[PDB]
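Participant: how would this look folded up:
(one chain, ligands or ions: 2)
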Amino acid sequence: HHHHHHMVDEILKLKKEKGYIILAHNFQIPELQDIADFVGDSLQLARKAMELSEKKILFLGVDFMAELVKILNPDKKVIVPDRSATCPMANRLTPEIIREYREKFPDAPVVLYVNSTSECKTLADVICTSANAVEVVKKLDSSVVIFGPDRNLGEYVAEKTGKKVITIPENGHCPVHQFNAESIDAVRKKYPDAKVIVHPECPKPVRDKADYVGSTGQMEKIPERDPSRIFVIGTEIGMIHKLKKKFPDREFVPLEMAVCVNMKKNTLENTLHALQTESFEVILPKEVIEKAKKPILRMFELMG
Ligand SMILES: O=C(O)c1ccccc1C(=O)O
Ligand code: SF4
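Facilitator: Residues are numbered from 1 along each chain as shown. Ligands and ions are numbered 1, 2, ... in the order given. I have put the structure below:
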């Protein structure tokens, strides 16, 4: 909107002037997606940052993602506008629980979802995303794996791979994606020709009623091969804007309104403040960077 056109102009000039690149997660408000150089998922953004000349990064998302970017770009300054933006699911897994479960099942590799603390990543055998988790677990020798922090994704991986997936912590889940299956019944009657796409973080009954299950990266490729005029989307509300932007010819309908409060902590105002003050810098110990990079590079190595 034109009322913010002077705010946007100061963001563009400062970003240009100080050599920032702005990376925004798909769950950011539309206003921040519209000012970002690249919008996508966590790993997509971090990988993207490795490729660029900009020595400074403004990251718009939540803490474990900004740290991922820093882990993989450690000589680059990474700032976030709100340091309290975090992932409640990720924060429920701890080093202690991982260590507890490694002892119980010492032959099982620890596969950690990218939505995990940096400290947790130092202890994982490999990282995955919702896009590549099935393939990653498939390529591991073992037929029993330890997986966290999301139980639903773990269970999905178990279904797709046929392997035993021991999920940690107990009842690990994303509250944003706990859609109700009756919501799918309801949209099918309302839009009989619509396709339902939901995230694998969604519970089993929702995944099973959906036409497609995939990551937000996967969602945004579906209309390249599906010609449907209407898609119903089971993930965080920010993806609707992303999808509408990429495919203006289609209609994107939320399965339900689902908002990640932590993702919405970032605003045009605090983003502007961040660029004015070049704060808040993501600072990690060298040793955590060194150790946590290992399972992240292995993920890339395995998928290569
Ligand atoms: O990308 C996704 O689908 C996604 C959904 C929820 C949280 C985190 C991510 C992420 O990997 O960035
Ligand atoms: S949508 Fe769920 S998994 Fe993603 S940052 Fe928010 S609470 Fe975490």
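
Participant: Close to ligand 1: what parts of this structure are there?
Facilitator: For the chain, the residues in contact with ligand 1 (Cβ under 6 Å from any ligand atom) are 41, 42, 114, 115, 129, 130, 199, 215, 216, 217. For the C-beta atoms, the positions are set from N, CA and C on the backbone; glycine is no exception.

Participant: 8 Å - rerun?
Facilitator: 25-27, 40-45, 61, 65, 87, 114-115, 129-131, 174, 176-177, 199, 201, 214-219, 235-236, 260 (Cβ under 8 Å from any ligand atom).

Participant: Which residue ranges of the stretch 201-304 of the chain form helices?
Facilitator: Assigned helices in the stretch 201-304 of the chain, in chain order: 204-209, 216-219, 238-246, 268-277, 286-303 (criterion: DSSP state H, counting those that start in this stretch).

Participant: The third one close to ligand 2?
Facilitator: No. Helix 238-246 stays out of contact with ligand 2 when judged by Cβ under 8 Å from any ligand atom, the minimum separation being 9.2 Å.

Participant: Just the buried residues of that helix, please?
Facilitator: Buried residues in helix 238-246, counting neighbours by 16 or more other Cβ atoms under 10 Å, are found at 238, 239, 240, 241, 242, 243.

Participant: and which of the residues you listed is nearest residue 163?
Facilitator: The closest of the buried residues of helix 238-246 to residue 163 turns out to be residue 239 (Cβ to Cβ; 29.0 Å).

Participant: The closest one: what's it in contact with?
Facilitator: For residue 239, the contact set (Cβ atoms under 8 Å, 6 or more residues apart in numbering) comprises 26, 27, 216, 219, 220, 233, 252.

Participant: Dump the residues you listed to TSV, plus distance to residue 33 and neighbour count.
Facilitator: Output for those, formatted as TSV (distance: Cβ to Cβ, whole Å; neighbours: other Cβ atoms under 10 Å):
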residue	distance to residue 33	neighbour count
26	8	26
27	9	27
216	12	25
219	15	24
220	12	21
233	15	24
252	14	21
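
Participant: can you redo those residues as a markdown table with distance to residue 184?
Facilitator: Converted to a markdown table, these look like this (distance: Cβ to Cβ, whole Å):
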| residue | distance to residue 184 |
| --- | --- |
| 26 | 21 |
| 27 | 21 |
| 216 | 19 |
| 219 | 16 |
| 220 | 20 |
| 233 | 12 |
| 252 | 15 |
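
Participant: re the thing from before, among the helices of the stretch 201-304 of the chain, which is nearest residue 96?
Facilitator: helix 286-303 (16.7 Å).

Participant: quick one: residue 160 and residue 135 touch, right?
Facilitator: No. With contact defined as Cβ atoms under 8 Å, residue 160 does not reach residue 135; the gap is 9.2 Å.

Participant: so what's whichever residue of the stretch 1-150 of the chain sits closest to ligand 2 up against?
Facilitator: As assessed by Cβ to the nearest ligand atom, ligand 2 sits closest to residue 87 within the stretch 1-150 of the chain, at 3.3 Å. When contacts are counted by Cβ under 8 Å, 6+ apart, residue 87 is found next to 62, 63, 64, 115, 262.

Participant: repeat that with 7 Å
Facilitator: By Cβ atoms under 7 Å, 6 or more residues apart in numbering, the residues touching residue 87 are 62, 64, 115, 262.

Participant: and of these, the nearest to residue 49?
Facilitator: For these, the nearest to residue 49 is residue 64 (15.2 Å; Cβ to Cβ).

Participant: check which helix or strand covers that closest one.
Facilitator: Using DSSP states H and E, residue 64 falls within helix 63-72.

Participant: Could you name the helices and strands sitting against that helix?
Facilitator: Helix 63-72 sits against helix 42-50, strand 56-60, strand 77-79, helix 118-121, helix 286-303, with contacts defined as 3 or more Cβ pairs under 7 Å, 6 or more residues apart in numbering; DSSP states H and E.

Participant: Distance to ligand 2 and neighbour count added to the contacts of residue 87, as JSON lines?
Facilitator: Putting the contacts of residue 87 into JSON lines (distance: Cβ to the nearest ligand atom, whole Å; neighbours: other Cβ atoms under 10 Å) gives the following:
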{"residue": "62", "distance to ligand 2": "5", "neighbour count": "26"}
{"residue": "64", "distance to ligand 2": "8", "neighbour count": "22"}
{"residue": "115", "distance to ligand 2": "5", "neighbour count": "25"}
{"residue": "262", "distance to ligand 2": "5", "neighbour count": "18"}
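
Participant: ok, which pair from the residues you listed is furthest apart?
Facilitator: Among these, the pair separated by the greatest distance (Cβ to Cβ) is 115 and 262, at 11.5 Å.

Participant: Which residue of this structure lies farthest from its centroid?
Facilitator: Largest separation from the mean C-alpha position in the chain: residue 189, at 30.8 Å (Cα atoms, centre = their mean).

Participant: list the contacts for that residue?
Facilitator: With contact set as Cβ under 7 Å, 6+ apart, residue 189 has no partners.
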